>>> print(open('upload-v7.cif').read())   # mmCIF, C-alpha atoms and all ligand atoms
data_query
loop_
_atom_site.group_PDB
_atom_site.id
_atom_site.type_symbol
_atom_site.label_atom_id
_atom_site.label_comp_id
_atom_site.auth_asym_id
_atom_site.auth_seq_id
_atom_site.Cartn_x
_atom_site.Cartn_y
_atom_site.Cartn_z
ATOM 1 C CA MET A 1 114.810 137.561 113.386
ATOM 2 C CA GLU A 2 117.167 140.110 114.959
ATOM 3 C CA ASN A 3 117.283 137.761 117.980
ATOM 4 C CA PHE A 4 118.856 134.929 116.006
ATOM 5 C CA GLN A 5 121.869 134.314 113.861
ATOM 6 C CA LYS A 6 121.007 132.111 110.892
ATOM 7 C CA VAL A 7 123.326 129.148 110.427
ATOM 8 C CA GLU A 8 121.851 127.506 107.331
ATOM 9 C CA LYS A 9 118.617 126.854 105.494
ATOM 10 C CA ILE A 10 117.214 123.399 106.448
ATOM 11 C CA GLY A 11 113.810 123.287 104.770
ATOM 12 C CA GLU A 12 111.411 124.967 102.380
ATOM 13 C CA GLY A 13 107.742 124.144 102.927
ATOM 14 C CA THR A 14 104.269 125.315 102.000
ATOM 15 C CA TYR A 15 104.202 127.690 105.015
ATOM 16 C CA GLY A 16 107.739 129.019 104.907
ATOM 17 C CA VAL A 17 111.478 128.568 105.031
ATOM 18 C CA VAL A 18 113.151 126.919 108.023
ATOM 19 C CA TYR A 19 116.612 127.828 109.233
ATOM 20 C CA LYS A 20 118.962 126.273 111.767
ATOM 21 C CA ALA A 21 119.711 129.307 113.926
ATOM 22 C CA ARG A 22 121.347 130.343 117.187
ATOM 23 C CA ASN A 23 119.735 132.574 119.830
ATOM 24 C CA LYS A 24 122.015 135.619 120.059
ATOM 25 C CA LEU A 25 121.491 136.065 123.829
ATOM 26 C CA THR A 26 121.702 132.467 125.063
ATOM 27 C CA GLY A 27 123.421 130.553 122.298
ATOM 28 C CA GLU A 28 120.481 128.052 122.068
ATOM 29 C CA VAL A 29 120.399 126.242 118.704
ATOM 30 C CA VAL A 30 116.892 126.046 117.288
ATOM 31 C CA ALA A 31 114.911 125.595 114.045
ATOM 32 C CA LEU A 32 113.410 128.951 113.041
ATOM 33 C CA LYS A 33 110.411 128.915 110.774
ATOM 34 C CA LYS A 34 109.406 132.159 109.024
ATOM 35 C CA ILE A 35 105.686 131.764 108.255
ATOM 36 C CA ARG A 36 104.719 132.834 104.742
ATOM 37 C CA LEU A 37 102.459 135.865 104.550
ATOM 38 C CA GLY A 43 98.710 140.848 109.193
ATOM 39 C CA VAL A 44 98.658 137.347 110.656
ATOM 40 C CA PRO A 45 94.994 136.401 110.953
ATOM 41 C CA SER A 46 93.774 136.271 114.579
ATOM 42 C CA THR A 47 92.489 132.691 114.179
ATOM 43 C CA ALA A 48 95.919 131.443 113.114
ATOM 44 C CA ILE A 49 97.430 133.099 116.198
ATOM 45 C CA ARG A 50 94.991 131.323 118.499
ATOM 46 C CA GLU A 51 95.445 127.912 116.914
ATOM 47 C CA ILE A 52 99.212 128.274 117.042
ATOM 48 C CA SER A 53 98.973 129.274 120.700
ATOM 49 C CA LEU A 54 97.070 126.040 121.443
ATOM 50 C CA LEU A 55 99.973 124.161 119.762
ATOM 51 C CA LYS A 56 102.392 125.622 122.299
ATOM 52 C CA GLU A 57 100.782 123.603 125.068
ATOM 53 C CA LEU A 58 100.553 120.353 122.961
ATOM 54 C CA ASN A 59 103.751 118.990 124.470
ATOM 55 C CA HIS A 60 104.874 115.335 124.208
ATOM 56 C CA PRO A 61 108.215 113.491 123.928
ATOM 57 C CA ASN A 62 107.341 112.409 120.380
ATOM 58 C CA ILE A 63 106.299 115.856 119.197
ATOM 59 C CA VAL A 64 108.822 118.483 118.181
ATOM 60 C CA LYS A 65 108.683 121.143 120.924
ATOM 61 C CA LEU A 66 107.392 124.496 119.852
ATOM 62 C CA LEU A 67 109.488 126.786 122.039
ATOM 63 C CA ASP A 68 108.162 130.179 121.165
ATOM 64 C CA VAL A 69 105.763 131.919 118.935
ATOM 65 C CA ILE A 70 107.027 135.310 117.992
ATOM 66 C CA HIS A 71 104.391 137.554 116.700
ATOM 67 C CA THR A 72 105.990 140.922 116.146
ATOM 68 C CA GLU A 73 106.074 143.644 113.465
ATOM 69 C CA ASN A 74 103.101 141.718 111.898
ATOM 70 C CA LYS A 75 105.283 138.712 111.132
ATOM 71 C CA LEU A 76 105.095 135.272 112.573
ATOM 72 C CA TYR A 77 108.062 133.093 113.479
ATOM 73 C CA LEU A 78 107.877 129.729 115.063
ATOM 74 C CA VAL A 79 110.884 128.674 117.114
ATOM 75 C CA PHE A 80 111.250 124.890 117.417
ATOM 76 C CA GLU A 81 113.653 122.668 119.250
ATOM 77 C CA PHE A 82 116.332 121.548 116.807
ATOM 78 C CA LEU A 83 116.588 117.870 115.933
ATOM 79 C CA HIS A 84 119.582 116.543 114.133
ATOM 80 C CA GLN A 85 118.284 114.680 111.074
ATOM 81 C CA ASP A 86 115.044 113.907 109.199
ATOM 82 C CA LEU A 87 113.741 110.424 108.303
ATOM 83 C CA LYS A 88 114.117 111.038 104.576
ATOM 84 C CA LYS A 89 117.848 111.693 104.938
ATOM 85 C CA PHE A 90 118.175 108.679 107.330
ATOM 86 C CA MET A 91 116.349 106.411 104.930
ATOM 87 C CA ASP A 92 118.458 107.560 102.051
ATOM 88 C CA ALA A 93 121.559 107.019 104.233
ATOM 89 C CA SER A 94 120.459 103.466 105.177
ATOM 90 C CA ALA A 95 119.461 102.403 101.644
ATOM 91 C CA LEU A 96 122.182 99.770 101.140
ATOM 92 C CA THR A 97 121.137 97.529 104.033
ATOM 93 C CA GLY A 98 117.870 98.938 105.255
ATOM 94 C CA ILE A 99 116.860 100.311 108.614
ATOM 95 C CA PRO A 100 117.122 97.371 110.959
ATOM 96 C CA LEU A 101 113.633 96.014 111.804
ATOM 97 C CA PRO A 102 113.934 96.618 115.557
ATOM 98 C CA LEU A 103 114.604 100.313 114.825
ATOM 99 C CA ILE A 104 111.676 100.517 112.340
ATOM 100 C CA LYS A 105 109.466 99.020 114.997
ATOM 101 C CA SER A 106 110.709 101.442 117.623
ATOM 102 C CA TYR A 107 110.133 104.467 115.351
ATOM 103 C CA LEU A 108 106.617 103.222 114.427
ATOM 104 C CA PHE A 109 105.720 102.650 118.114
ATOM 105 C CA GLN A 110 106.919 106.117 119.133
ATOM 106 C CA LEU A 111 105.105 107.846 116.283
ATOM 107 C CA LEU A 112 101.957 105.985 117.290
ATOM 108 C CA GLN A 113 102.411 107.313 120.809
ATOM 109 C CA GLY A 114 102.728 110.829 119.457
ATOM 110 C CA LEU A 115 99.646 110.462 117.324
ATOM 111 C CA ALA A 116 97.576 108.885 120.119
ATOM 112 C CA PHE A 117 98.431 111.919 122.251
ATOM 113 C CA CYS A 118 97.600 114.480 119.520
ATOM 114 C CA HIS A 119 94.442 112.666 118.549
ATOM 115 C CA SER A 120 93.320 112.521 122.120
ATOM 116 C CA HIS A 121 93.357 116.339 122.086
ATOM 117 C CA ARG A 122 91.493 116.378 118.723
ATOM 118 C CA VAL A 123 94.545 117.699 116.854
ATOM 119 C CA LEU A 124 95.401 116.225 113.457
ATOM 120 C CA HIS A 125 98.693 116.485 111.530
ATOM 121 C CA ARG A 126 97.211 116.091 108.012
ATOM 122 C CA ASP A 127 100.584 116.076 106.261
ATOM 123 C CA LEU A 128 102.838 113.353 107.700
ATOM 124 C CA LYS A 129 105.805 112.493 105.521
ATOM 125 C CA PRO A 130 109.466 111.452 106.055
ATOM 126 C CA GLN A 131 110.680 115.081 105.872
ATOM 127 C CA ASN A 132 108.436 115.913 108.884
ATOM 128 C CA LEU A 133 109.628 113.054 111.055
ATOM 129 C CA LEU A 134 112.803 114.082 112.954
ATOM 130 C CA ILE A 135 115.309 111.845 114.760
ATOM 131 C CA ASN A 136 118.061 112.232 117.307
ATOM 132 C CA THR A 137 121.079 110.290 118.455
ATOM 133 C CA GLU A 138 119.271 108.963 121.517
ATOM 134 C CA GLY A 139 116.833 106.743 119.502
ATOM 135 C CA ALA A 140 113.842 109.171 119.578
ATOM 136 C CA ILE A 141 111.691 110.117 116.635
ATOM 137 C CA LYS A 142 109.311 113.108 116.718
ATOM 138 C CA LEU A 143 106.428 114.506 114.670
ATOM 139 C CA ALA A 144 107.156 117.990 113.326
ATOM 140 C CA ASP A 145 104.853 120.667 111.956
ATOM 141 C CA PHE A 146 102.027 119.093 113.896
ATOM 142 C CA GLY A 147 98.723 121.089 113.748
ATOM 143 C CA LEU A 148 100.067 123.746 111.358
ATOM 144 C CA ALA A 149 97.865 122.715 108.387
ATOM 145 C CA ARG A 150 94.661 123.499 110.359
ATOM 146 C CA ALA A 151 96.178 126.614 112.002
ATOM 147 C CA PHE A 152 97.057 128.233 108.672
ATOM 148 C CA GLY A 153 94.607 126.484 106.334
ATOM 149 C CA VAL A 154 96.771 126.788 103.185
ATOM 150 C CA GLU A 162 108.320 123.551 95.930
ATOM 151 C CA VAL A 163 106.000 120.705 94.713
ATOM 152 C CA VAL A 164 103.563 119.265 97.329
ATOM 153 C CA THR A 165 104.259 115.498 97.838
ATOM 154 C CA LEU A 166 101.063 113.488 97.516
ATOM 155 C CA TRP A 167 102.607 110.131 98.330
ATOM 156 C CA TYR A 168 101.213 109.946 101.834
ATOM 157 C CA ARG A 169 97.736 111.393 101.229
ATOM 158 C CA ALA A 170 94.787 109.300 102.488
ATOM 159 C CA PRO A 171 92.269 108.265 99.828
ATOM 160 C CA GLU A 172 89.348 110.134 101.506
ATOM 161 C CA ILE A 173 91.268 113.405 100.959
ATOM 162 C CA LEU A 174 91.908 112.541 97.332
ATOM 163 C CA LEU A 175 88.227 111.736 96.890
ATOM 164 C CA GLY A 176 87.316 115.159 98.106
ATOM 165 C CA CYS A 177 86.214 114.731 101.703
ATOM 166 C CA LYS A 178 85.784 118.144 103.395
ATOM 167 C CA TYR A 179 86.148 117.035 106.972
ATOM 168 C CA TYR A 180 89.360 115.204 107.859
ATOM 169 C CA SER A 181 89.481 112.645 110.667
ATOM 170 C CA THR A 182 92.399 111.330 112.725
ATOM 171 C CA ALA A 183 92.462 108.362 110.330
ATOM 172 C CA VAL A 184 94.239 110.471 107.700
ATOM 173 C CA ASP A 185 97.377 110.378 109.890
ATOM 174 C CA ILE A 186 97.225 106.643 110.385
ATOM 175 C CA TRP A 187 97.102 106.179 106.631
ATOM 176 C CA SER A 188 100.131 108.389 106.135
ATOM 177 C CA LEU A 189 102.124 106.590 108.848
ATOM 178 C CA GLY A 190 101.162 103.257 107.302
ATOM 179 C CA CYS A 191 102.683 104.448 104.014
ATOM 180 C CA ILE A 192 105.854 105.501 105.832
ATOM 181 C CA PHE A 193 106.092 102.141 107.715
ATOM 182 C CA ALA A 194 105.982 100.291 104.347
ATOM 183 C CA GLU A 195 108.635 102.568 102.877
ATOM 184 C CA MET A 196 111.019 101.995 105.785
ATOM 185 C CA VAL A 197 110.616 98.264 105.324
ATOM 186 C CA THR A 198 110.859 97.999 101.517
ATOM 187 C CA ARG A 199 113.128 101.001 100.800
ATOM 188 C CA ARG A 200 110.723 102.254 98.097
ATOM 189 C CA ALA A 201 107.757 104.625 98.455
ATOM 190 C CA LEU A 202 104.561 102.634 98.570
ATOM 191 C CA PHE A 203 102.413 105.027 96.393
ATOM 192 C CA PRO A 204 104.653 107.550 94.572
ATOM 193 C CA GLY A 205 102.061 109.519 92.708
ATOM 194 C CA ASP A 206 102.912 112.578 90.719
ATOM 195 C CA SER A 207 99.396 114.013 90.405
ATOM 196 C CA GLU A 208 96.179 113.549 92.368
ATOM 197 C CA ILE A 209 94.765 111.062 89.906
ATOM 198 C CA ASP A 210 98.045 109.184 89.538
ATOM 199 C CA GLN A 211 98.176 108.977 93.359
ATOM 200 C CA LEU A 212 94.585 107.703 93.559
ATOM 201 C CA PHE A 213 95.132 105.189 90.741
ATOM 202 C CA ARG A 214 98.372 103.907 92.299
ATOM 203 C CA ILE A 215 96.451 103.253 95.485
ATOM 204 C CA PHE A 216 93.689 101.516 93.551
ATOM 205 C CA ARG A 217 96.173 99.364 91.559
ATOM 206 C CA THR A 218 97.644 98.000 94.867
ATOM 207 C CA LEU A 219 94.719 97.853 97.289
ATOM 208 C CA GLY A 220 91.906 97.285 94.669
ATOM 209 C CA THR A 221 89.462 99.861 93.412
ATOM 210 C CA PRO A 222 87.224 100.595 96.416
ATOM 211 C CA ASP A 223 83.520 99.929 96.150
ATOM 212 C CA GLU A 224 80.449 99.906 98.428
ATOM 213 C CA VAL A 225 81.375 96.545 99.901
ATOM 214 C CA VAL A 226 84.806 97.512 101.308
ATOM 215 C CA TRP A 227 83.951 101.239 101.788
ATOM 216 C CA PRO A 228 80.313 101.971 102.310
ATOM 217 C CA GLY A 229 79.490 105.482 101.088
ATOM 218 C CA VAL A 230 82.554 105.648 98.762
ATOM 219 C CA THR A 231 80.510 105.982 95.643
ATOM 220 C CA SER A 232 78.878 109.227 96.970
ATOM 221 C CA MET A 233 82.113 111.052 97.701
ATOM 222 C CA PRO A 234 82.638 114.314 95.838
ATOM 223 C CA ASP A 235 85.391 113.234 93.399
ATOM 224 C CA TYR A 236 84.312 109.582 93.047
ATOM 225 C CA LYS A 237 83.572 108.724 89.380
ATOM 226 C CA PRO A 238 81.677 105.560 88.382
ATOM 227 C CA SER A 239 84.071 105.590 85.461
ATOM 228 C CA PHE A 240 87.167 104.786 87.634
ATOM 229 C CA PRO A 241 88.877 101.665 86.420
ATOM 230 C CA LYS A 242 88.217 98.540 88.435
ATOM 231 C CA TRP A 243 91.513 96.952 89.521
ATOM 232 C CA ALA A 244 91.761 93.805 91.662
ATOM 233 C CA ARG A 245 93.420 93.961 95.129
ATOM 234 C CA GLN A 246 96.995 92.614 95.608
ATOM 235 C CA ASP A 247 98.108 90.530 98.637
ATOM 236 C CA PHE A 248 100.273 92.221 101.280
ATOM 237 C CA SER A 249 102.587 89.334 100.820
ATOM 238 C CA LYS A 250 103.555 90.977 97.459
ATOM 239 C CA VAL A 251 103.250 94.594 98.691
ATOM 240 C CA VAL A 252 105.697 94.402 101.685
ATOM 241 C CA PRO A 253 108.173 91.484 101.686
ATOM 242 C CA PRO A 254 109.961 90.937 104.160
ATOM 243 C CA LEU A 255 107.542 92.260 106.654
ATOM 244 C CA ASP A 256 106.516 89.457 109.077
ATOM 245 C CA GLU A 257 102.907 88.505 109.443
ATOM 246 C CA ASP A 258 102.305 90.713 112.514
ATOM 247 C CA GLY A 259 103.732 93.695 110.674
ATOM 248 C CA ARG A 260 101.541 92.846 107.705
ATOM 249 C CA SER A 261 98.386 92.529 109.783
ATOM 250 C CA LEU A 262 99.048 95.827 111.415
ATOM 251 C CA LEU A 263 99.836 97.513 108.111
ATOM 252 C CA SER A 264 96.644 96.193 106.547
ATOM 253 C CA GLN A 265 94.671 97.726 109.399
ATOM 254 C CA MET A 266 96.414 101.090 108.906
ATOM 255 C CA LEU A 267 95.605 101.021 105.220
ATOM 256 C CA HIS A 268 91.860 100.135 105.331
ATOM 257 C CA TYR A 269 90.000 102.236 102.762
ATOM 258 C CA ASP A 270 87.076 103.135 105.032
ATOM 259 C CA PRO A 271 88.548 105.576 107.538
ATOM 260 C CA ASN A 272 86.077 104.291 110.115
ATOM 261 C CA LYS A 273 87.516 100.769 109.791
ATOM 262 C CA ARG A 274 91.151 102.021 109.913
ATOM 263 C CA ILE A 275 92.915 101.242 113.244
ATOM 264 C CA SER A 276 93.302 104.040 115.759
ATOM 265 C CA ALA A 277 96.696 104.972 117.116
ATOM 266 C CA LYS A 278 95.657 103.823 120.546
ATOM 267 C CA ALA A 279 94.570 100.395 119.253
ATOM 268 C CA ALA A 280 97.673 100.082 117.110
ATOM 269 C CA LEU A 281 99.840 100.396 120.216
ATOM 270 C CA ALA A 282 98.343 97.162 121.620
ATOM 271 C CA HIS A 283 98.815 95.255 118.341
ATOM 272 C CA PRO A 284 100.868 92.031 118.666
ATOM 273 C CA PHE A 285 103.614 93.551 116.384
ATOM 274 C CA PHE A 286 104.709 95.554 119.494
ATOM 275 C CA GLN A 287 105.057 92.702 121.935
ATOM 276 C CA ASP A 288 108.844 92.715 121.462
ATOM 277 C CA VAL A 289 109.398 96.452 120.938
ATOM 278 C CA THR A 290 112.728 97.850 122.076
ATOM 279 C CA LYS A 291 114.507 101.232 121.669
ATOM 280 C CA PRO A 292 117.725 100.805 119.668
ATOM 281 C CA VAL A 293 120.267 103.469 118.880
ATOM 282 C CA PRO A 294 120.503 104.546 115.222
ATOM 283 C CA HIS A 295 123.850 105.125 113.554
ATOM 284 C CA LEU A 296 123.658 108.809 112.548
ATOM 285 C CA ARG A 297 126.313 110.550 110.508
ATOM 286 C CA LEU A 298 125.880 114.232 111.287
HETATM 287 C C1 LIG A 301 110.052 119.631 109.622
HETATM 288 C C2 LIG A 301 110.775 120.405 108.643
HETATM 289 O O1 LIG A 301 110.151 121.736 108.504
HETATM 290 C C3 LIG A 301 112.172 120.606 109.302
HETATM 291 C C4 LIG A 301 112.933 121.518 108.341
HETATM 292 N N1 LIG A 301 111.979 121.229 110.635
HETATM 293 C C5 LIG A 301 112.848 120.999 111.650
HETATM 294 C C6 LIG A 301 112.542 121.296 112.997
HETATM 295 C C7 LIG A 301 113.513 121.035 113.969
HETATM 296 N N2 LIG A 301 114.714 120.488 113.606
HETATM 297 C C8 LIG A 301 114.964 120.203 112.307
HETATM 298 N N3 LIG A 301 116.176 119.721 111.971
HETATM 299 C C9 LIG A 301 116.614 119.193 110.831
HETATM 300 C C10 LIG A 301 115.814 119.010 109.707
HETATM 301 C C11 LIG A 301 116.364 118.325 108.643
HETATM 302 C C12 LIG A 301 117.668 117.840 108.641
HETATM 303 S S1 LIG A 301 118.337 116.986 107.271
HETATM 304 N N4 LIG A 301 117.596 117.332 105.884
HETATM 305 O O2 LIG A 301 119.802 117.385 107.137
HETATM 306 O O3 LIG A 301 118.196 115.581 107.644
HETATM 307 C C13 LIG A 301 118.489 118.014 109.740
HETATM 308 C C14 LIG A 301 117.907 118.647 110.831
HETATM 309 N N5 LIG A 301 114.046 120.509 111.363
#
>>> encode(input="upload-v7.cif", output="structure tokens", more="lines below")
Ligand SMILES: C[C@@H](O)[C@@H](C)Nc1ccnc(Nc2ccc(S(N)(=O)=O)cc2)n1
Amino acid sequence: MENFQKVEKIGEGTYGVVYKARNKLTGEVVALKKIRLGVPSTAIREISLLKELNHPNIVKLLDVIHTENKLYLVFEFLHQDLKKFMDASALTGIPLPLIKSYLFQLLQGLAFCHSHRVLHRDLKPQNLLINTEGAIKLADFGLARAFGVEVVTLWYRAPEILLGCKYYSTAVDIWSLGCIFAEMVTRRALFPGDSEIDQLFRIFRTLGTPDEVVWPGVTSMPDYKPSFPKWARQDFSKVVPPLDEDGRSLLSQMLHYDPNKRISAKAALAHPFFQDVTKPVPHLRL
């Protein structure tokens, strides 16, 4: 902490406060995360694996500073988060070519992470960071599993997590990114639940209550109740106007109930929606 001069608080998360800060020696501007708490050995080792998980669409973890039994993560600083950008673009909407670019890049980032068996587990607009050059990057990648631990947003949570599955798969991240894709397009959160059951029931109201036909094994999950109401599925035509039919096909594959049926990041990259992908420049007010 002594090595940095705090500039301003930029986030408050489950695992600690994040500051924009400047390195006192070099003048580098960084994001400094003070991890909330000595540090268990296992957390140290998992975080140290994250230091080598480098990709253009993953926020670079510059240093892990484990001293005086405190843990600080030093990240490269990005200039804005997707939440703030979405809120800024709410009059006209993020142009589709930019949406498509951001989706494609995030899919590249996930394919890379997934290929190393690392999951995010908590994708949401506040953890997607953008720059002036057109890039978008996944932040706080791998921290949920490293640490294992003011209101938690449930809006992006996959249904298998809500239904009590103990072992997460890479599919949880595809589900979350699907939710975010929809939200960019419509300018409203797809499933804005305010409790676990409200989140589950908002999913069920839109995609239909899952059963053994669409999700074999669903009825044996830990928090599945035979008493859940049975709602009929809606058409994606009603869920995300004015997404074009390729966008809609791809979304539907990202939002399959059965995580085993849900598209992988790798497969998503070859989807016809990306045949005309480009990399536009956003208009950022900093
Ligand atoms: C991921 C989350 O913990 C975030 C706080 N972490 C990081 C990491 C690296 N860089 C940033 N920058 C940053 C963040 C938000 C904004 S905001 N809310 O003004 O759009 C402007 C810049 N944030």
>>> closest_residue(input="upload-v7.cif", among="A:119, A:129, A:105, A:268", to="ligand LIG 301 (chain A)", atoms="only C-alpha atoms and all ligand atoms")
A:129
>>> residues_around(input="upload-v7.cif", residues="residue 34 in chain A", least_positions_apart="3", cutoff="7 Å", atoms="only C-alpha atoms", output="VMD selection string")
chain A and resid 16 to 18 76 to 78
>>> resolve_selection(input="upload-v7.cif", expression="the PyMOL selection byres (((not hetatm)) within 6 of (chain A and resi 301))", output="ChimeraX atom specification")
/A:10-11,18,31,80-86,89,131-132,144-145
>>> residues_near_point(input="upload-v7.cif", point="(92.4, 100.6, 109.8)", cutoff="10 Å", atoms="all atoms listed in the file", output="count of residues only")
22
>>> residues_around(input="upload-v7.cif", residues="range 285-298 of chain A", least_positions_apart="2", cutoff="6 Å", atoms="only C-alpha atoms", output="PyMOL selection string")
chain A and resi 103+106+139+258-259+283
>>> residues_around(input="upload-v7.cif", residues="residue 240 in chain A", least_positions_apart="6", cutoff="12 Å", atoms="all atoms listed in the file", output="NGL selection string")
:A and (175 or 209-210 or 212-213 or 216-217 or 220-223 or 231)
>>> closest_residue(input="upload-v7.cif", among="A:68, A:4, A:248, A:178", to="residue 26 in chain A", atoms="all atoms listed in the file")
A:4
>>> closest_residue(input="upload-v7.cif", among="A:166, A:116, A:134, A:69", to="residue 191 in chain A", atoms="only C-alpha atoms")
A:166
>>> atom_distance(input="upload-v7.cif", atom1="CA of residue 176 in chain A", atom2="CA of residue 192 in chain A")
22.3 Å
>>> closest_residue(input="upload-v7.cif", among="A:21, A:230, A:162, A:128", to="residue 177 in chain A", atoms="all atoms listed in the file")
A:230
>>> closest_residue(input="upload-v7.cif", among="A:150, A:142, A:242, A:260", to="residue 87 in chain A", atoms="only C-alpha atoms")
A:142
>>> closest_residue(input="upload-v7.cif", among="A:73, A:257, A:12, A:124", to="residue 151 in chain A", atoms="only C-alpha atoms")
A:124
>>> atom_distance(input="upload-v7.cif", atom1="CA of residue 90 in chain A", atom2="CA of residue 199 in chain A")
11.3 Å
>>> residues_around(input="upload-v7.cif", residues="residue 117 in chain A", least_positions_apart="4", cutoff="8 Å", atoms="only C-alpha atoms", output="MDAnalysis selection string")
chainID A and resid 60 113 121
>>> resolve_selection(input="upload-v7.cif", expression="the PyMOL selection byres (((chain A and resi 75) around 8) and not hetatm)", output="list in words")
residues 35, 37, 43, 44, 70, 71, 72, 73, 74, 76 and 77 of chain A
>>> atom_distance(input="upload-v7.cif", atom1="CA of residue 224 in chain A", atom2="CA of residue 173 in chain A")
17.5 Å
>>> residues_around(input="upload-v7.cif", residues="residue 196 in chain A", least_positions_apart="5", cutoff="12 Å", atoms="only C-alpha atoms", output="ChimeraX atom specification")
/A:87-95,97-108,129-130,189-191,201-202,252-255
>>> axis_aligned_box(input="upload-v7.cif", around="range 163-182 of chain A", padding_each_side="3 Å", output="lines of an AutoDock Vina configuration file")
center_x = 95.9
center_y = 114.5
center_z = 103.7
size_x = 26.2
size_y = 18.4
size_z = 24.0
